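Asks: Here we go, the starting part of the complex in its complex frame:
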Amino acid sequence: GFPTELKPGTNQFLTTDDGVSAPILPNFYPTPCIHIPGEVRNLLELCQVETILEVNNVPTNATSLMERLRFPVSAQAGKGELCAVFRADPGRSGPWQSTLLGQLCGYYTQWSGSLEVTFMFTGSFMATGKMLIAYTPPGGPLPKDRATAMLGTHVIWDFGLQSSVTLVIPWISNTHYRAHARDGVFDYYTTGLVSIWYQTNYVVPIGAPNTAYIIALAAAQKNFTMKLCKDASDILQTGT
Amino acid sequence: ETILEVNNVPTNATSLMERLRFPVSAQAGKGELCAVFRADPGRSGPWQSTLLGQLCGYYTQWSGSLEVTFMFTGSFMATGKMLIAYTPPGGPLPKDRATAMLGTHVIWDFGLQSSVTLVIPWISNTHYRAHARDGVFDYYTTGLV
Amino acid sequence: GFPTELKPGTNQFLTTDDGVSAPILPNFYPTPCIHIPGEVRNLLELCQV
Amino acid sequence: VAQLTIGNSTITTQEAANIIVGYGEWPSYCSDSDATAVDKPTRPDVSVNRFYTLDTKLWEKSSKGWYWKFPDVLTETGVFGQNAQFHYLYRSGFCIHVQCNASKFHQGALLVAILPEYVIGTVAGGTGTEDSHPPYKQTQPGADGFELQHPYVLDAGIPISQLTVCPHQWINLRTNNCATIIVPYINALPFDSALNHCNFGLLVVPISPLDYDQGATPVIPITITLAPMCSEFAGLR
Amino acid sequence: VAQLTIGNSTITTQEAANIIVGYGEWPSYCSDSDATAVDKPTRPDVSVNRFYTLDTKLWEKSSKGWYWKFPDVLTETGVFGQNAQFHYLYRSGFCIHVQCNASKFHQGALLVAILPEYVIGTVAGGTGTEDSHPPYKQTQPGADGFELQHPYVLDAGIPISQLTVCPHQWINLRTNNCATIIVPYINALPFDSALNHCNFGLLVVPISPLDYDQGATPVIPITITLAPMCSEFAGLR
């Protein structure tokens, strides 16, 4: 016999620990795997896919949930009017929960990276006009009016021309720890603020829909991270 | 390219100009079928308005790939998505929008590009036939956009 | 112990499947076969008679 | 304008817009190993490789969306329907092409996508107490498709808000109409049944509701045309 | 989709649309000569170089437009607000990014521009007889901006019909939404006060009035996100 002294942790079972143990079926040769199109190797691949951002997450009615996918723009709105507004909070509840990005974050404790919202105008072809999308980094509350909003990073979007514009959120870091009621989860804090404004009124010729909708597509950029796992899932498996 | 009178419904004399274009509007809800026609450059139908069609009439049989283009003329401020879908010979017009998408289709977004083009793979008006007495080589190969 | 995961079909008996199994009589040496005139190797030989 | 002609069919589709190749793979035949090793599977290049144009569906201001199930959709109409019926094993890629004939005075947006193993789930009774697996109408809706009842959850408790995570393509009327998707054979088996198991489903939902100022043809036709890329079958009956 | 991450902030902005670099110059630090020659000004690269996302403003069918004043806007919220308050001299470039979340069923156009030394002028009484220099609310409207009362004359008898002669960018809803502008430090002095003199103003006016067929969220949110490029300060208090 070769000399051995046992160290603490002997006979111990750590759910995370991953050493090994014998195969229940030694001589079993698991049918080889063939080639299945589109394998995933790291969830972060997914976090870069654009998914529909339910910015219009207001109608809760059962047969309206489909409206949450898009917000509208129309003749009724006059220049300057604020169209919509949401936060850069891929994690936290809000419009982001609809995106795959969001849903994955929920399975993680903290993260950071650059985001990328896209806006698709689905109105008539004959429709024209300018919308002003503006991002206000953490802190500076939602710009008072359209004017002042423009004095900061913004993009004037013209659907008369390009029917789809993309805005990049510089960086959001959900790492600034916190402790609410008892759910001491690393609260964003870094809630950027995207606001979309009516730069010009909605313009359409006689014969076209005097109201259109805009779909929003978000997704994180290449430089996105996720740290710590958290199996928080309200949708759980139930025995028939 | 010549104007395909897909909206070949109004026959009234002072409306013939409407046959040149079909409409899209607020009244229509998601999923709704907008329009539908066949890939029959020869035979009567919307194709008769095109130069292509009219020439085919001066010929007995033919074959090739086609190319329909769609131009949105709405406002500039107008946005949204239309789903154009082609169903090759056989498979009847898809029941609803969903199932239609499971086959060759193109989601067209006018918010972005104001004009999309769809290619019809191939239509062969060679499958002979003999209707009432006008035994003309009937398409048979009626695709479905 | 070397790591193994079992795939479906484990503990399964397929009448056609033909892997193997040990000899009931290990040391038995089946009397050698001599030469028998006219052996058949494929029924198709017969189908041409 | 430029009409593609592969078969006794001739679709006059756009010259060459943008097509999304599924999972980044062109449907191909097979190396030299399958669910048949002493059974060389005949590869229908004959009439099994032409254009099929399903009965155009009409898009209304209210369509909830539609869906088709492959390979089922065609086992119906077609000589490809002849094969899928008289053969045991099957493997085949695809290529769908959804077109939309509408005017610049209409508006809308369709999300067209391919979802492997698309398992439906009806109401489960009404409120949720009945293990009633959907009818043989929702599992294999022939060549005329079937409508979504709950577009938001794609009829399977999955949010459409995330459907883009599949091979998809948008069809925004003000920007285009035709959309294309090349689907490769996706299965956990080289050769699978072409009559009972539907390798996937093609969905096409109106994300931005169809609309038109009053007076325009209210129904815009969605024409789905598809072509079977690399058909493969084994053992006839 | 691609989210830029420069700081403990992470905005999920478009991949890389078009950004107008102001007066054709990237904001930089300084050669080796200023309003301080035996005073090497510390250059905050720490938390003074992250993303700030101002409280989104709501665009209505009637918004007259808004404006913010730099550097004031941030001397409020932020560690950049910490610097601008505890320091005497200041020099800093910028980079604004205005985003607009709306649907393809809306429409409008916003002119977003940067106007150096943006001096306001109220009504001057009512008709024009009162040398009342605008309130401390119009000269430095914090981080929540301020609305234009006379958009046509930009509140300073200058015609907006010509505002494009400044670093600007359009935001036509049917064509885009996000718009970006990189502002370089523009002043008649190397180092100027960061609390009393506002190097410029950011305007964002609805040139084509917001609109939507009835039933769509009537207010479209305009999210202004900005990043301080090359901050510089001298002597703390």
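Replies: Cool, got the structure. Residues are numbered from 1 along each chain as shown, chains lettered A, B, ... in the order given.
Asks: Report how many residues lie close to the closest residue to residue A:65 other than its chain neighbours.
Replies: Nearest-residue entry for residue A:65: residue D:152, 4.2 Å, with adjacent residues in sequence omitted and distances by C-beta to C-beta, 6 or more residues apart in numbering or on different chains. (C-beta placed from N, C-alpha, C; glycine too.) Residue D:152 has 21 neighbouring residues, counting by other C-beta atoms under 10 Å in any protein chain shown.
Asks: On the three-state scheme, residue D:152 is what?
Replies: Using DSSP: H, G, I helix; E, B strand; the rest coil, the structure places residue D:152 in helix.
Asks: so it makes contact with residue A:61?
Replies: No: using C-beta atoms under 8 Å, residue D:152 is not in contact with residue A:61, being 11.2 Å away.
Asks: what helix or strand does the residue lying farthest from the centre of chain D sit in?
Replies: In terms of distance from the mean C-alpha position of chain D, residue D:38 ranks first, at 32.6 Å (C-alpha atoms, centre = their mean). For residue D:38, there is no enclosing helix or strand under DSSP states H and E.
Asks: For residue D:235, see how far away it is.
Replies: 12 Å (C-beta to C-beta, to the nearest Å).
Asks: Also, this goes in as chain F:
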Amino acid sequence: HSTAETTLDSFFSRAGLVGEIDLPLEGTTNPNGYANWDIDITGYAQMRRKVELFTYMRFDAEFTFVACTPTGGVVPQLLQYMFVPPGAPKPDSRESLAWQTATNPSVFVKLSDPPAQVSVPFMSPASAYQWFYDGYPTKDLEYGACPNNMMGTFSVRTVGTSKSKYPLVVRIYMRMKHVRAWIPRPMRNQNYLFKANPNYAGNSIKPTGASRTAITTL
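Replies: If we add chain F to the chains shown above, we get the following:
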């Protein structure tokens, strides 16, 4: 920031509790000092939602058996956990010649000894398991149900001819390793109705996530 915590193996690792057998000395449940547990990786609540992120998966698993008394006490009782390779028949009595058949891997351990652990290889005769099956495996409704996905069956029991002396509770932990996923699909957003299919409440459809007042008010 190392993107390693976002891999597939780092997402699906960690020993989770998937089974909890119960051998009460006397009562209703498992009145024969033994019970048959079918390997079901959904024994872990939030697991379903997760794996169901993909359409095809492949993996192995390391099962660990933590057994004690209901109180949490350790006792000198010897147990035998047996594995029923999908395809072989399971025990039906406290001495069905099933526990005897060698082709059914058994593993004896006392409660004195630390948890027992073993590795089950990727069973399935397919290239991979598949959470979804859009068809029927060529009266009754056999839809959505995929055959070959059966990982096997663990049969726990107190060694010996007679019943156990103390009440026992065997907890079964399983950590999957070496994972490969394919075809990512939308994330479940409606509560689950049955372990079987993806049916959902056909009226109680709620929005993917919380909602607000107006789209302009944040």
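Asks: Chain F added, so what about the neighbour count of residue D:152 now?
Replies: Residue D:152 has 27 nearby residues by other C-beta under 10 Å.
Asks: buried set for the lengthiest strand in chain D?
Replies: As assigned by DSSP state E, the longest strand anywhere in chain D is strand D:200-212. Residues D:200-212 are the ones in strand D:200-212 that count as buried (16 or more other C-beta atoms under 10 Å in any protein chain shown).
Asks: Out of the residues you listed, the closest to chain C would be?
Replies: The closest of these to chain C turns out to be residue D:200 (C-beta to the nearest C-beta; 22.8 Å).
Asks: so what's the closest residue in space to the closest one that isn't next to it in sequence up against?
Replies: Excluding the flanking residues, the one nearest residue D:200 by C-beta to C-beta, 6+ apart is residue D:116, at 4.4 Å. By C-beta atoms under 8 Å, 6 or more residues apart in numbering or on different chains, residue D:116 lies in contact with D:166, D:186, D:199-201, F:55, F:132, F:183, F:185.
Asks: May I ask which of those residues has the most neighbours?
Replies: Greatest neighbour count in the contacts of residue D:116, by other C-beta under 10 Å, goes to residue D:201: 31 neighbours.
Asks: Identify the residue nearest that residue in space, chain neighbours excluded?
Replies: residue D:118 (2.9 Å).
Asks: let's put chain G on the structure above:
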Amino acid sequence: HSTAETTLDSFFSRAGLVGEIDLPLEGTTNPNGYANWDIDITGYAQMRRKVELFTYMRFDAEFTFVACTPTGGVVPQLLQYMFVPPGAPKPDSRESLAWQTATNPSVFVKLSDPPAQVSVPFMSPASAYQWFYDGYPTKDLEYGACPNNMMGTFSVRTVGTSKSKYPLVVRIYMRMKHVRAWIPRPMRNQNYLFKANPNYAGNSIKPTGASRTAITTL
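Replies: If we add chain G to the chains shown above, we get the following:
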């Protein structure tokens, strides 16, 4: 079209059911929880006709034992199948010192465990088995009967001193492998009378195959 499906091994392969032992708890047949089965490859109906296509054959066999209850149930009962090499004596009691003798290969397996399988080599002391023997092996009629062609004897039984607790049904499957045939002979065309000889109904002789009306009318 590959002419491989027409080989000899591809014609004679496939595990066929050749034996079905029966150990009823109580009744008539096999009243001692054991029975002796003589390896007879004609246990499979259509096999006789086939092998009898040739005059001389040589092969090995892989026997498989699928045992359960009459219901088809699995049970914790241990069995012992023993092989009696043609030449050694067979058991006669539930503990004849026969089951004890090593030169009689036994194989214990529980019903829990998957079927038991083993390979019997080409026994015969001749160059090959021979379905026909035109003579007498140098009172009674010993014609046509060929001695050395005996493959052995399987003796099934419930392990243990006492009788089994449940009723049992052991099905015996045998697939022959590595086959060599010789001297092809005409294909049987008259029903079989005895397992012994080739006698046939001496009046009930029917035509090789169906008949028609006239030779001119098809």
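Asks: Please reconsider the neighbour count of residue D:152 now that chain G is part of the model.
Replies: With other C-beta under 10 Å as criterion, residue D:152 counts 27.
Asks: all strands for chain A, in order.
Replies: So, for chain A - with DSSP E - the strands run A:39-40, A:51-52, A:70-74, A:82-88, A:108-121, A:130-136, A:154-158, A:164-174, A:192-198, A:211-218, A:225-229.
Asks: And the fourth one, what does it pack against?
Replies: I take that to be strand A:82-88. strand A:70-74, strand A:192-198, strand E:57-59, strand E:220-226 (3 or more C-beta pairs under 8 Å, 6 or more residues apart in numbering or on different chains; DSSP states H and E).
Asks: pretty sure residue D:163 belongs to a helix, no?
Replies: Yes: the assignment for residue D:163 is a helix, going by three-state DSSP.
Asks: right, and residue D:235 touches residue D:89 too?
Replies: Yes: between residue D:235 and residue D:89 there is a contact under C-beta under 8 Å: 6.7 Å.
Asks: any common contacting residues for those two?
Replies: Here residue D:235 and residue D:89 have residue D:36 as joint contacts, going by C-beta under 8 Å, 6+ apart.
Asks: Which one's more surrounded, the two?
Replies: residue D:89 (19 against 12).
Asks: Wait, the more buried one touches residue D:234, no?
Replies: Yes: with contact defined as C-beta under 8 Å, residue D:89 reaches residue D:234; the gap is 4.0 Å.
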